[PDB]
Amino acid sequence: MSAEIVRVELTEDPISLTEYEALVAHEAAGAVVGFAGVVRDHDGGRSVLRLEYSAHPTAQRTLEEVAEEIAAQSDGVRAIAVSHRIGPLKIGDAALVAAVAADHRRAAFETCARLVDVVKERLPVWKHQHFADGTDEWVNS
């Protein structure tokens, strides 16, 4: 058996850590760790007005593949969930949300951080920021 994958979503709809935490937590396991990656109003010393995430058509499948890999490695992890928002985002919005339920907290903390790491590394999505001075930037281009 591998851990449950309760949610794996690329969506334009708003995402909530709250619902995701409730979903993984149904196992009634010992420990739940959640991550929310939220949009800051500043970046690299510049004030951000808004941003947009775009996705390659293979993004959803890539996210699913990542989730399967993470779910396989068995450290007493019972359930995982991850979502990335795409489209227009406002300051404060959650861009990336993950949750992990485990028998004990060590596996929950380590697995949740690793899941977020691998998602950021492999997910074919792009970030377009817009600054107060009227300029814009495609992150990492």
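Note that residue numbering follows the sequence shown and begins at 1.
Taking the PDB entry as given, 102-110 carries the higher mean Cα B factor of the two stretches 58-66 and 102-110. Remark: stretch with higher mean C-alpha B factor among 7-15 and 117-125 is 7-15.
Within the listed group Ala36, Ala81, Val33, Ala29, the record reports its top CA B-factor for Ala29. Sorting the modelled residues of the chain by their CA temperature factor places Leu51 in the middle third.
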